[PDB]
Amino acid sequence: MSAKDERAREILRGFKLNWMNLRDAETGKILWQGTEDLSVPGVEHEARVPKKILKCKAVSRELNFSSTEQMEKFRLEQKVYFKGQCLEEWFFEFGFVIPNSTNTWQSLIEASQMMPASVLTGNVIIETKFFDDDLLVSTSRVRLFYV
Ligand SMILES: CCCCCCCN(CC1CCNCC1)S(=O)(=O)CCCCn1nc(C)c2c(C)n(-c3ccc(C)cc3)nc2c1=O
């Protein structure tokens, strides 16, 4: 293959998403805790989160990942699909990743066009594109329910 395909596969085979917390950015209280690897591609993951998260002005997303491979510029492109059409796009950059390292990464998700939980629940899918700089490594998807 292009050998970039092989590098991308190398990075993916050595990557794990170990845990993720979603916090109310006002209090730090944990609204949702996940220990399963919801970055695995080729599946449609599901996350059931408390509907009150929709009333937080901001959510602090704190995750922990491991990577056997070095990355020059680990970053995410995330698309929020509502009823199959892109509603919002998020961009987050981690930067350099030491080979065989385990790293905690905090990002703030900030807010309007806010719809009720009954409308959003089961109709929101987050597509996450995992890049090292300009190299697309993987794409994973999670469907959100607001309970
Ligand atoms: C227009 C908005 C409509 C929809 C609601 C917006 C979403 N809301 C945001 C708040 C903001 C403040 N106003 C209220 C709403 S929300 O419901 O609180 C999201 C909680 C967090 C959503 N989330 N969930 C999971 C499970 C994620 C995973 C697995 N990965 C991931 C990371 C790295 C890799 C490699 C792969 C995947 N990233 C995830 C992620 O971002």
# chains A, B, ... in the order shown; residues from 1 in each chain; ligands from 1
call {"tool": "residues_near_ligand", "arguments": {"ligand": "ligand 1", "cutoff": "6 Å", "atoms": "only C-alpha atoms and all ligand atoms", "output": "PyMOL selection string"}}
result
chain A and resi 38-39+47+53-59+88+109-111+128+130+142
call {"tool": "write_last_selection", "arguments": {"atoms": "N, CA, C and O atoms", "output": "PDB file, in the first residue's frame"}}
result
ATOM      1  N   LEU A  38     -14.284   3.294  23.326  1.00  0.00           N
ATOM      2  CA  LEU A  38     -15.238   3.732  22.321  1.00  0.00           C
ATOM      3  C   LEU A  38     -14.564   4.429  21.142  1.00  0.00           C
ATOM      4  O   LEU A  38     -15.254   5.063  20.332  1.00  0.00           O
ATOM      5  N   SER A  39     -13.245   4.308  21.009  1.00  0.00           N
ATOM      6  CA  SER A  39     -12.560   4.753  19.804  1.00  0.00           C
ATOM      7  C   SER A  39     -12.411   3.643  18.774  1.00  0.00           C
ATOM      8  O   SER A  39     -11.924   3.905  17.668  1.00  0.00           O
ATOM      9  N   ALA A  47     -23.609   5.742  23.934  1.00  0.00           N
ATOM     10  CA  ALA A  47     -23.336   6.331  25.241  1.00  0.00           C
ATOM     11  C   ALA A  47     -24.632   6.914  25.766  1.00  0.00           C
ATOM     12  O   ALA A  47     -25.250   7.746  25.099  1.00  0.00           O
ATOM     13  N   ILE A  53     -26.950  17.099  31.094  1.00  0.00           N
ATOM     14  CA  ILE A  53     -25.739  17.590  30.452  1.00  0.00           C
ATOM     15  C   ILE A  53     -26.084  18.657  29.427  1.00  0.00           C
ATOM     16  O   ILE A  53     -25.280  19.554  29.156  1.00  0.00           O
ATOM     17  N   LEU A  54     -27.291  18.607  28.865  1.00  0.00           N
ATOM     18  CA  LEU A  54     -27.643  19.562  27.822  1.00  0.00           C
ATOM     19  C   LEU A  54     -27.795  20.977  28.363  1.00  0.00           C
ATOM     20  O   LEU A  54     -27.748  21.935  27.582  1.00  0.00           O
ATOM     21  N   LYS A  55     -27.954  21.128  29.675  1.00  0.00           N
ATOM     22  CA  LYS A  55     -28.085  22.434  30.301  1.00  0.00           C
ATOM     23  C   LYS A  55     -26.764  22.979  30.826  1.00  0.00           C
ATOM     24  O   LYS A  55     -26.735  24.102  31.342  1.00  0.00           O
ATOM     25  N   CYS A  56     -25.685  22.206  30.743  1.00  0.00           N
ATOM     26  CA  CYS A  56     -24.373  22.732  31.091  1.00  0.00           C
ATOM     27  C   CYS A  56     -23.920  23.699  30.010  1.00  0.00           C
ATOM     28  O   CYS A  56     -23.953  23.367  28.822  1.00  0.00           O
ATOM     29  N   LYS A  57     -23.500  24.901  30.413  1.00  0.00           N
ATOM     30  CA  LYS A  57     -22.900  25.804  29.442  1.00  0.00           C
ATOM     31  C   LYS A  57     -21.658  25.180  28.821  1.00  0.00           C
ATOM     32  O   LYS A  57     -21.358  25.417  27.647  1.00  0.00           O
ATOM     33  N   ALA A  58     -20.914  24.390  29.591  1.00  0.00           N
ATOM     34  CA  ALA A  58     -19.711  23.759  29.067  1.00  0.00           C
ATOM     35  C   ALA A  58     -19.511  22.433  29.780  1.00  0.00           C
ATOM     36  O   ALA A  58     -19.904  22.266  30.938  1.00  0.00           O
ATOM     37  N   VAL A  59     -18.918  21.486  29.056  1.00  0.00           N
ATOM     38  CA  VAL A  59     -18.590  20.158  29.563  1.00  0.00           C
ATOM     39  C   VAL A  59     -17.085  19.979  29.436  1.00  0.00           C
ATOM     40  O   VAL A  59     -16.510  20.275  28.390  1.00  0.00           O
ATOM     41  N   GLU A  88     -22.536  20.500  13.759  1.00  0.00           N
ATOM     42  CA  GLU A  88     -21.446  21.200  14.414  1.00  0.00           C
ATOM     43  C   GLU A  88     -20.166  20.444  14.096  1.00  0.00           C
ATOM     44  O   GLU A  88     -20.181  19.220  13.935  1.00  0.00           O
ATOM     45  N   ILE A 109     -15.747  21.436  25.952  1.00  0.00           N
ATOM     46  CA  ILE A 109     -16.774  21.475  24.916  1.00  0.00           C
ATOM     47  C   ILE A 109     -17.763  22.558  25.314  1.00  0.00           C
ATOM     48  O   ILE A 109     -18.468  22.426  26.324  1.00  0.00           O
ATOM     49  N   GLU A 110     -17.829  23.621  24.528  1.00  0.00           N
ATOM     50  CA  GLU A 110     -18.645  24.772  24.867  1.00  0.00           C
ATOM     51  C   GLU A 110     -19.862  24.836  23.959  1.00  0.00           C
ATOM     52  O   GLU A 110     -19.865  24.304  22.845  1.00  0.00           O
ATOM     53  N   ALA A 111     -20.903  25.489  24.460  1.00  0.00           N
ATOM     54  CA  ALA A 111     -22.124  25.697  23.691  1.00  0.00           C
ATOM     55  C   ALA A 111     -21.810  26.275  22.315  1.00  0.00           C
ATOM     56  O   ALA A 111     -22.424  25.895  21.317  1.00  0.00           O
ATOM     57  N   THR A 128     -15.662  10.804  15.012  1.00  0.00           N
ATOM     58  CA  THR A 128     -14.343  11.297  15.390  1.00  0.00           C
ATOM     59  C   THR A 128     -13.311  10.788  14.397  1.00  0.00           C
ATOM     60  O   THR A 128     -13.119   9.573  14.269  1.00  0.00           O
ATOM     61  N   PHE A 130      -9.413  10.612  13.747  1.00  0.00           N
ATOM     62  CA  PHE A 130      -8.147  10.564  14.466  1.00  0.00           C
ATOM     63  C   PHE A 130      -7.045  10.809  13.453  1.00  0.00           C
ATOM     64  O   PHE A 130      -6.897  10.029  12.503  1.00  0.00           O
ATOM     65  N   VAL A 142     -19.976   7.334  17.738  1.00  0.00           N
ATOM     66  CA  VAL A 142     -20.731   7.050  18.951  1.00  0.00           C
ATOM     67  C   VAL A 142     -22.094   7.730  18.859  1.00  0.00           C
ATOM     68  O   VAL A 142     -22.190   8.907  18.493  1.00  0.00           O
TER      69      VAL A 142
END
call {"tool": "residues_around", "arguments": {"residues": "residue A:11", "least_positions_apart": "6", "cutoff": "10 Å", "atoms": "only C-alpha atoms", "output": "VMD selection string"}}
result
chain A and resid 67 to 71 131 to 132 137 to 138
call {"tool": "write_last_selection", "arguments": {"atoms": "C-alpha atoms", "output": "PDB file, in the first residue's frame"}}
result
ATOM      1  CA  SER A  67       0.025   4.887  22.045  1.00  0.00           C
ATOM      2  CA  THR A  68       2.847   2.531  21.124  1.00  0.00           C
ATOM      3  CA  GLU A  69       3.744   4.706  18.155  1.00  0.00           C
ATOM      4  CA  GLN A  70       5.085   8.228  18.245  1.00  0.00           C
ATOM      5  CA  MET A  71       2.825  10.897  16.801  1.00  0.00           C
ATOM      6  CA  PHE A 131      -5.218  12.267  12.733  1.00  0.00           C
ATOM      7  CA  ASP A 132      -1.480  12.405  13.151  1.00  0.00           C
ATOM      8  CA  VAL A 137      -5.480   7.137  11.216  1.00  0.00           C
ATOM      9  CA  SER A 138      -9.035   6.033  11.984  1.00  0.00           C
TER      10      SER A 138
END
call {"tool": "closest_residue", "arguments": {"among": "A:24, A:31, A:6, A:127", "to": "residue A:146", "atoms": "only C-alpha atoms"}}
result
A:31
call {"tool": "closest_residue", "arguments": {"among": "A:141, A:4, A:61, A:51", "to": "residue A:120", "atoms": "only C-alpha atoms"}}
result
A:51
call {"tool": "atom_distance", "arguments": {"atom1": "atom CA of residue A:139", "atom2": "atom CA of residue A:92"}}
result
14.8 Å
call {"tool": "select_by_dssp", "arguments": {"residues": "chain A", "states": "strand (DSSP E)", "output": "ChimeraX atom specification"}}
result
/A:15-24,30-34,44-49,58-67,71-82,85-97,101-110,124-132,135-146
call {"tool": "write_last_selection", "arguments": {"atoms": "C-alpha atoms", "output": "PDB file, in the first residue's frame"}}
result
ATOM      1  CA  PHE A  15      -3.544   2.893  20.329  1.00  0.00           C
ATOM      2  CA  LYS A  16      -6.040   2.523  23.158  1.00  0.00           C
ATOM      3  CA  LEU A  17      -8.594   4.901  24.651  1.00  0.00           C
ATOM      4  CA  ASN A  18      -8.414   3.801  28.295  1.00  0.00           C
ATOM      5  CA  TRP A  19     -11.022   5.975  30.013  1.00  0.00           C
ATOM      6  CA  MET A  20     -13.122   9.079  29.588  1.00  0.00           C
ATOM      7  CA  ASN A  21     -14.906  11.370  32.026  1.00  0.00           C
ATOM      8  CA  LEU A  22     -17.524  13.983  31.158  1.00  0.00           C
ATOM      9  CA  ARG A  23     -17.701  16.705  33.791  1.00  0.00           C
ATOM     10  CA  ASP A  24     -19.973  19.623  34.509  1.00  0.00           C
ATOM     11  CA  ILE A  30     -18.878  13.583  36.847  1.00  0.00           C
ATOM     12  CA  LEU A  31     -21.972  13.245  34.648  1.00  0.00           C
ATOM     13  CA  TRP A  32     -20.718  10.223  32.699  1.00  0.00           C
ATOM     14  CA  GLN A  33     -17.792   7.826  33.102  1.00  0.00           C
ATOM     15  CA  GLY A  34     -16.679   5.350  30.460  1.00  0.00           C
ATOM     16  CA  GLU A  44     -21.430   2.021  16.319  1.00  0.00           C
ATOM     17  CA  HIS A  45     -20.811   2.712  20.001  1.00  0.00           C
ATOM     18  CA  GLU A  46     -23.591   3.980  22.272  1.00  0.00           C
ATOM     19  CA  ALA A  47     -23.336   6.331  25.241  1.00  0.00           C
ATOM     20  CA  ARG A  48     -26.225   7.013  27.611  1.00  0.00           C
ATOM     21  CA  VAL A  49     -25.590  10.364  29.299  1.00  0.00           C
ATOM     22  CA  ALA A  58     -19.711  23.759  29.067  1.00  0.00           C
ATOM     23  CA  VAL A  59     -18.590  20.158  29.563  1.00  0.00           C
ATOM     24  CA  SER A  60     -15.037  19.205  30.460  1.00  0.00           C
ATOM     25  CA  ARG A  61     -14.066  16.035  28.568  1.00  0.00           C
ATOM     26  CA  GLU A  62     -11.078  14.315  30.177  1.00  0.00           C
ATOM     27  CA  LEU A  63      -9.711  11.196  28.519  1.00  0.00           C
ATOM     28  CA  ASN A  64      -6.678   8.960  28.896  1.00  0.00           C
ATOM     29  CA  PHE A  65      -5.038   7.155  25.989  1.00  0.00           C
ATOM     30  CA  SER A  66      -1.988   5.033  25.265  1.00  0.00           C
ATOM     31  CA  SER A  67       0.025   4.887  22.045  1.00  0.00           C
ATOM     32  CA  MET A  71       2.825  10.897  16.801  1.00  0.00           C
ATOM     33  CA  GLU A  72       4.006  14.310  15.636  1.00  0.00           C
ATOM     34  CA  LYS A  73       0.625  16.059  15.933  1.00  0.00           C
ATOM     35  CA  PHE A  74      -2.161  13.920  17.379  1.00  0.00           C
ATOM     36  CA  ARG A  75      -5.470  15.698  16.814  1.00  0.00           C
ATOM     37  CA  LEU A  76      -9.194  15.091  16.396  1.00  0.00           C
ATOM     38  CA  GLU A  77     -11.801  16.318  13.935  1.00  0.00           C
ATOM     39  CA  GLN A  78     -15.263  15.656  15.345  1.00  0.00           C
ATOM     40  CA  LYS A  79     -18.554  16.077  13.503  1.00  0.00           C
ATOM     41  CA  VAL A  80     -21.887  16.147  15.311  1.00  0.00           C
ATOM     42  CA  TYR A  81     -24.475  14.610  12.993  1.00  0.00           C
ATOM     43  CA  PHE A  82     -28.114  15.371  13.800  1.00  0.00           C
ATOM     44  CA  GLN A  85     -26.575  15.880   8.564  1.00  0.00           C
ATOM     45  CA  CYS A  86     -23.604  17.692  10.068  1.00  0.00           C
ATOM     46  CA  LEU A  87     -24.702  20.234  12.695  1.00  0.00           C
ATOM     47  CA  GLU A  88     -21.446  21.200  14.414  1.00  0.00           C
ATOM     48  CA  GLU A  89     -17.740  20.547  13.881  1.00  0.00           C
ATOM     49  CA  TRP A  90     -15.163  20.419  16.699  1.00  0.00           C
ATOM     50  CA  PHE A  91     -11.361  20.512  16.445  1.00  0.00           C
ATOM     51  CA  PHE A  92      -8.980  19.452  19.207  1.00  0.00           C
ATOM     52  CA  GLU A  93      -5.194  19.172  19.104  1.00  0.00           C
ATOM     53  CA  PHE A  94      -3.061  17.195  21.554  1.00  0.00           C
ATOM     54  CA  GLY A  95       0.292  17.579  19.807  1.00  0.00           C
ATOM     55  CA  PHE A  96       3.405  15.454  20.155  1.00  0.00           C
ATOM     56  CA  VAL A  97       2.934  11.946  21.565  1.00  0.00           C
ATOM     57  CA  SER A 101       3.308   6.691  26.355  1.00  0.00           C
ATOM     58  CA  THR A 102       0.073   7.001  28.342  1.00  0.00           C
ATOM     59  CA  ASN A 103      -1.470  10.447  28.409  1.00  0.00           C
ATOM     60  CA  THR A 104      -4.401  12.293  29.957  1.00  0.00           C
ATOM     61  CA  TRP A 105      -6.022  14.959  27.771  1.00  0.00           C
ATOM     62  CA  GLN A 106      -8.597  17.554  28.877  1.00  0.00           C
ATOM     63  CA  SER A 107     -10.759  19.473  26.398  1.00  0.00           C
ATOM     64  CA  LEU A 108     -13.605  21.918  26.989  1.00  0.00           C
ATOM     65  CA  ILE A 109     -16.774  21.475  24.916  1.00  0.00           C
ATOM     66  CA  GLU A 110     -18.645  24.772  24.867  1.00  0.00           C
ATOM     67  CA  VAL A 124     -26.964  12.557  17.530  1.00  0.00           C
ATOM     68  CA  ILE A 125     -23.887  10.708  16.319  1.00  0.00           C
ATOM     69  CA  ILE A 126     -20.351  11.952  16.946  1.00  0.00           C
ATOM     70  CA  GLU A 127     -17.938  10.964  14.177  1.00  0.00           C
ATOM     71  CA  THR A 128     -14.343  11.297  15.390  1.00  0.00           C
ATOM     72  CA  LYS A 129     -11.509  11.416  12.859  1.00  0.00           C
ATOM     73  CA  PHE A 130      -8.147  10.564  14.466  1.00  0.00           C
ATOM     74  CA  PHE A 131      -5.218  12.267  12.733  1.00  0.00           C
ATOM     75  CA  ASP A 132      -1.480  12.405  13.151  1.00  0.00           C
ATOM     76  CA  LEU A 135      -2.449  11.430   8.233  1.00  0.00           C
ATOM     77  CA  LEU A 136      -5.941  10.074   8.836  1.00  0.00           C
ATOM     78  CA  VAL A 137      -5.480   7.137  11.216  1.00  0.00           C
ATOM     79  CA  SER A 138      -9.035   6.033  11.984  1.00  0.00           C
ATOM     80  CA  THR A 139     -12.679   7.027  12.115  1.00  0.00           C
ATOM     81  CA  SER A 140     -15.001   5.999  14.955  1.00  0.00           C
ATOM     82  CA  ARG A 141     -18.615   6.810  15.791  1.00  0.00           C
ATOM     83  CA  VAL A 142     -20.731   7.050  18.951  1.00  0.00           C
ATOM     84  CA  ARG A 143     -24.507   7.475  19.164  1.00  0.00           C
ATOM     85  CA  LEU A 144     -25.695   9.583  22.103  1.00  0.00           C
ATOM     86  CA  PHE A 145     -28.825   8.991  24.205  1.00  0.00           C
ATOM     87  CA  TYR A 146     -29.988  11.549  26.778  1.00  0.00           C
TER      88      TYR A 146
END
call {"tool": "atom_distance", "arguments": {"atom1": "atom CA of residue A:116", "atom2": "atom CA of residue A:26"}}
result
21.0 Å
call {"tool": "atom_distance", "arguments": {"atom1": "atom CA of residue A:133", "atom2": "atom CA of residue A:5"}}
result
14.1 Å
call {"tool": "decode", "arguments": {"residues": "stretch 121-143 of chain A", "atoms": "N, CA and C atoms", "output": "tab-separated table (two decimals), in the first residue's frame"}}
result
chain	number	residue	atom	x	y	z
A	121	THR	N	-32.20	12.83	21.56
A	121	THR	CA	-31.79	11.52	22.04
A	121	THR	C	-31.90	10.49	20.92
A	122	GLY	N	-30.81	9.77	20.69
A	122	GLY	CA	-30.74	8.76	19.66
A	122	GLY	C	-30.60	9.29	18.26
A	123	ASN	N	-30.58	10.62	18.09
A	123	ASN	CA	-30.50	11.27	16.79
A	123	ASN	C	-29.19	12.02	16.60
A	124	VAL	N	-28.26	11.89	17.55
A	124	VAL	CA	-26.96	12.56	17.53
A	124	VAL	C	-25.89	11.49	17.44
A	125	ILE	N	-25.02	11.60	16.45
A	125	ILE	CA	-23.89	10.71	16.32
A	125	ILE	C	-22.65	11.58	16.21
A	126	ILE	N	-21.63	11.27	17.01
A	126	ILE	CA	-20.35	11.95	16.95
A	126	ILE	C	-19.41	11.08	16.13
A	127	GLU	N	-18.96	11.59	15.00
A	127	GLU	CA	-17.94	10.96	14.18
A	127	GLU	C	-16.61	11.61	14.54
A	128	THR	N	-15.66	10.80	15.01
A	128	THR	CA	-14.34	11.30	15.39
A	128	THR	C	-13.31	10.79	14.40
A	129	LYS	N	-12.65	11.71	13.72
A	129	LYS	CA	-11.51	11.42	12.86
A	129	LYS	C	-10.24	11.65	13.67
A	130	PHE	N	-9.41	10.61	13.75
A	130	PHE	CA	-8.15	10.56	14.47
A	130	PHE	C	-7.05	10.81	13.45
A	131	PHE	N	-6.32	11.92	13.62
A	131	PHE	CA	-5.22	12.27	12.73
A	131	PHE	C	-3.89	12.29	13.48
A	132	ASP	N	-2.82	11.96	12.78
A	132	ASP	CA	-1.48	12.41	13.15
A	132	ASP	C	-1.09	13.42	12.07
A	133	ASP	N	-1.16	14.71	12.42
A	133	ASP	CA	-0.94	15.81	11.49
A	133	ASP	C	-1.93	15.67	10.33
A	134	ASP	N	-1.46	15.38	9.13
A	134	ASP	CA	-2.34	15.25	7.98
A	134	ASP	C	-2.68	13.80	7.65
A	135	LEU	N	-2.20	12.85	8.45
A	135	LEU	CA	-2.45	11.43	8.23
A	135	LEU	C	-3.73	11.04	8.97
A	136	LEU	N	-4.75	10.64	8.22
A	136	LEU	CA	-5.94	10.07	8.84
A	136	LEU	C	-5.63	8.66	9.32
A	137	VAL	N	-5.77	8.44	10.62
A	137	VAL	CA	-5.48	7.14	11.22
A	137	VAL	C	-6.73	6.28	11.31
A	138	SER	N	-7.82	6.82	11.84
A	138	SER	CA	-9.03	6.03	11.98
A	138	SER	C	-10.24	6.94	12.09
A	139	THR	N	-11.41	6.34	11.91
A	139	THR	CA	-12.68	7.03	12.11
A	139	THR	C	-13.57	6.15	12.98
A	140	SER	N	-14.11	6.72	14.05
A	140	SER	CA	-15.00	6.00	14.96
A	140	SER	C	-16.25	6.83	15.20
A	141	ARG	N	-17.31	6.17	15.68
A	141	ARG	CA	-18.62	6.81	15.79
A	141	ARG	C	-19.31	6.38	17.07
A	142	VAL	N	-19.98	7.33	17.74
A	142	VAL	CA	-20.73	7.05	18.95
A	142	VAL	C	-22.09	7.73	18.86
A	143	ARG	N	-23.14	6.97	19.14
A	143	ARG	CA	-24.51	7.47	19.16
A	143	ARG	C	-24.83	7.87	20.60
